[PDB]
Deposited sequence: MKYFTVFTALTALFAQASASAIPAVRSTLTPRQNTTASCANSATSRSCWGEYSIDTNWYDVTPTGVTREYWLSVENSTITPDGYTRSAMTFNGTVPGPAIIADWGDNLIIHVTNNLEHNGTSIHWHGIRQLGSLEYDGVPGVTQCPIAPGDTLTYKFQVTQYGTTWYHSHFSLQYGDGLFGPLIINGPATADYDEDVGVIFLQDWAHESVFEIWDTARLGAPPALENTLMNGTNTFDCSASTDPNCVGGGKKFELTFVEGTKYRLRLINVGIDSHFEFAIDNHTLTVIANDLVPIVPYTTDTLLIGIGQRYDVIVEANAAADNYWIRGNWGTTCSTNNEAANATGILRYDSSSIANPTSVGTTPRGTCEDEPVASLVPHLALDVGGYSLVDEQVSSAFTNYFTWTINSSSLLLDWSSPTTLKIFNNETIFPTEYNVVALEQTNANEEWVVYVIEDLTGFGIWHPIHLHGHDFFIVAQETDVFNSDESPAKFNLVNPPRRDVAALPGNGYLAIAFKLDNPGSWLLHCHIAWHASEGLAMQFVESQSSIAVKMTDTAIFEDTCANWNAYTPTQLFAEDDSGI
């Protein structure tokens, strides 16, 4: 045993960075939270607008726990005109499928005025976030940080916490979805760094453009090592995070600690997390913090202003004049060779499932996976179907059945022709990136080039534009697991499928069945007279 400290971050008592957290979990304590999903008004960047929030702030409240703790999170929907459903990003939910928070898959939506208590253990440590998985709501601010303390692969002195990177509209995403769904994501009006940015309201006629937005600011004390927890939570944003004249030591990706590597800039797709350690070893000055919005990935009206300020002297009010590192300027992820899990694991014998992304136009632009666009019924989520002993699901549920070759390699191909790098998120599992390739998948040749020996391992990874992503995971978590592009427009357009894994091995407590039933009962009481019907894929 050793205690975690600034000079022994690898330690976690009897556990450590070498503990297999897929197999072993510390005993912790029960932590209880009450969250209210609210319809709010905020001014994050000098522009006043509506938001959908947890507890009236963007980001929502931090949920901070220790590895092994049991979370009880009472979520009350205080919106009037939407259901909601809260997902705990990257959280494995082993034995707690029904609290994954995917409406249409693991639950019915929480109706206005209802409460759903999510219960789960955190059997993972690091940086993640929680967010609505109900339509585009997280675009309107319905997300917050979820930090699980545990060991780390490099030493550091202070944890500064999360820095959210996002696009930010000056109106509700729900006002622009009808335009967006014609096929083209709109250029949004601004970006936020940890919930703030400047915006020039000086020439504006819009009463809501009140001005006074401020750059995100981060203060460093010289010689101190800081852990920063980077999350891209935009609707349709790509970042290449950098701090001028500072080196990032990358120590985790998503909820998987990695062998540390140094980089000047850090490519981050939507829903991806990185933990980096930054040593405040520069000349004391103000330095630009650069989101480096990927303009080739998607449009924004104020791409150049996706920045913040690092100060070594907090009393400085000067803008930085530092010179940035030339960004790679791509929509890629970090290179696979750089992302080596500290806890080394290999992909065993597998069955290969191949799926192909294309697009179509029905009522509006849709993405398809083997010709089918995901469209879920919020009143008949996949788990309800499973509880009713159904093994054949609607075509548009895009179900792939997995049954145990205890591993699956899932290859998703971009046949769309658009060359977009789609951040693909898999629920219920960390996956192994056996291939992430900019080329055409050849079912006879490509598999022999898969890396099965400790490849990158995480829960969000890019489908390369016009290429393929081959992700492996073990049949170790019975349930119904959504996989989707995390570009909110694309998710809403049906770029998604789901794995019904080991169906007959799913076990739910009567307590949790009653709860699920009750949520669906309340949802069904709501829908007859709702102001708004489902008008997207449901996820």
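Annotation: deposited residues 1 to 37, 442 to 445 are not represented by C-alpha coordinates in the model.
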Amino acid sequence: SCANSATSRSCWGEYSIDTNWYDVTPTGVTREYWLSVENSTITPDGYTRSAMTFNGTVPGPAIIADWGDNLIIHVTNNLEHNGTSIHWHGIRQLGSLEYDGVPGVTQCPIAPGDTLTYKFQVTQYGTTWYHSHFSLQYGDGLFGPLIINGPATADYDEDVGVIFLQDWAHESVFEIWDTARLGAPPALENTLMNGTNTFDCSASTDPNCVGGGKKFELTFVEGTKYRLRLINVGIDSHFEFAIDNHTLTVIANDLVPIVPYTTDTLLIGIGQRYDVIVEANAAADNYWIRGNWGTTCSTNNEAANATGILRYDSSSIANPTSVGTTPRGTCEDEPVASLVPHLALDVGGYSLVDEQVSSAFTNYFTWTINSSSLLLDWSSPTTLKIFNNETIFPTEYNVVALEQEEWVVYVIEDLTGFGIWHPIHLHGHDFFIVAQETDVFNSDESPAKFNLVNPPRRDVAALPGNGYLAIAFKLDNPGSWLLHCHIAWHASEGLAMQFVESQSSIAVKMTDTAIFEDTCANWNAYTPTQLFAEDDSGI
From here on, numbers count along this sequence of modelled residues.
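When the C-alpha B-factors of 89 to 97 and 206 to 214 are averaged, 206 to 214 comes out higher. Comparing 372 to 380 with 310 to 318, the higher mean C-alpha B-factor in the PDB entry belongs to 310 to 318.
For the set 109, 294, 423, 327, the PDB entry puts the maximum C-alpha B factor at 327.
Reading the B-factor column for the CA atoms of 63, 37, 506, 488 in the entry, the top value corresponds to 506. Among the modelled residues of the chain, residue 70 sits in the lowest third by CA temperature factor in this PDB entry. Split the chain's modelled residues into thirds by C-alpha temperature factor. Residue 412 is in the middle one. Among all modelled residues in its chain, residue 352 ranks in the highest third by Cα B-factor. Among all modelled residues in its chain, residue 30 ranks in the highest third by Cα B-factor. Annotation for residue 511: CA B-factor lies in the highest third of the chain's modelled residues.
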